[PDB]
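To begin, one chain is listed below as structure tokens, in the form deposited in one PDB entry.
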């Protein structure tokens, strides 16, 4: 069966306590040190506030967890602790509880996030290379720590475009990679789901995140955001196949002995693989280069095992101008 080409055995080479999150016992500090200032948003399992630590005036973000999901809380906490100090991963400052109700919350460093819908229409060529390289550092780091993020998307990539700071947030879907483990395919947001998820292939790996980052790259260089805009999970695969091709999808399915839900037979149609240059027009031509297309072509592949790793992507000539500037 399938396995990651990189960091496949890394959790097995570490102490069991590293990855056995169910056994993790967080130290829960006191939420009363924090003053909530403003609500920033809400997820299925949390609500997020900007806050101030009253003891030292630090501005932070507090994510208050809906507390009936103990295993999932331990997972997110243990993952964040393991990722401590990783480049461009959001910093977990503390794990706290309301001392009376015992409701848990996560305290993060604050980032002054620029709205991505506005930002992605003003990025320059260099900006895209820069931010994509910064995001890749976060993914290479978390992959090297045996963790798949499983929800990479613009809303989870905080960018302070004034300070040029990027942080990958929202680790609540992340999981430890173990070779041959079958994972739930109900992860990632629709537009960023890899084909593997859409065809119910459970033996996926870190390369799922590389598909999602390819989707982000394509939206930035082509200015079509999201790049693959499905109406539902079925239509999402059709949108992919209209670009990557249907015969090419079937070759992937055949390689991995993947069974295709027969509802797809009535909607996939027949589509040639499209040239990436077909997406260029006057509005995006200044963001597209041969090196951007070569990189994108190596990310947005059906075959998860053939996608570039985060490191291989960082190594691509598209990022040479960023490396040189950083030197």
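Numbering follows the first chain given and starts at 1. Basically, rigid core = biggest C-alpha set you can superpose within 1.5 Å across the two forms.
*Asks:* Decide which of the stretches 138 to 146 and 77 to 85 has the higher mean C-alpha B-factor, going by the entry.
*Replies:* It is 77 to 85.
*Asks:* Averaged over C-alpha atoms, is the B-factor higher for 112 to 120 or for 247 to 255 in this PDB entry?
*Replies:* The deposited B-factors put 112 to 120 ahead on the C-alpha mean.
*Asks:* Which of these, 155, 186, 193, 72, has its C-alpha atom at the highest B-factor, as the entry lists it?
*Replies:* Within the set 155, 186, 193, 72, 72 shows the top C-alpha B-factor.
*Asks:* Highest Cα B-factor in the deposition, which of 25, 314, 308, 13?
*Replies:* Within the set 25, 314, 308, 13, 25 shows the top C-alpha B-factor.
*Asks:* With respect to C-alpha B-factor, does residue 230 fall in the lowest, middle or highest third of the chain as deposited?
*Replies:* As the PDB entry reports it, the C-alpha B-factor of residue 230 lands in the middle third of its chain.
*Asks:* By the recorded C-alpha temperature factor, relative to the other modelled residues in its chain, which third is residue 300 in?
*Replies:* Answer is lowest: the recorded C-alpha B-factor places it there.
*Asks:* How does the C-alpha B factor of residue 164 compare with the rest of the chain: lowest, middle or highest third?
*Replies:* It belongs to the highest third of the chain when residues are ordered by C-alpha B-factor.
*Asks:* When the modelled residues of the chain are sorted by Cα temperature factor, does residue 52 land in the lowest, middle or highest third?
*Replies:* Middle third, going by the recorded CA B-factors of the chain.
*Asks:* Going by the recorded CA B-factors, say which third of the chain residue 129 sits in, lowest, middle or highest.
*Replies:* Answer is lowest: the recorded C-alpha B-factor places it there.
Just so you know, the form deposited in another entry exists too; it's not on screen, but the next bit is about it.
*Asks:* Taking the rigid core as reference, which of 275, 42, 59, 281 is displaced at the C-alpha by at least 2 Å between this form and the one not shown?
*Replies:* Looking at each option in turn, only one qualifies, and it is 42.
*Asks:* Once you overlay the rigid core, does the Cα of residue 251 travel 2 Å or further between this form and the one not shown?
*Replies:* No, residue 251 moves less than 2 Å.
*Asks:* Using a superposition on the rigid core, decide whether the Cα position of residue 101 changes by 2 angstroms or more between this form and the one not shown.
*Replies:* After core superposition, the C-alpha of residue 101 moves 2 Å or more between this form and the one not shown.
*Asks:* Where do residue 42 and residue 157 end up in the other entry, Cα atoms closer or farther than shown, with a change of 3 Å or more?
*Replies:* Relative to the shown form, the pair is closer.
*Asks:* Just say closer or farther for the C-alpha distance from residue 24 to residue 43 in the other entry, relative to the shown form; it changes by 3 Å or more.
*Replies:* So the answer is farther.
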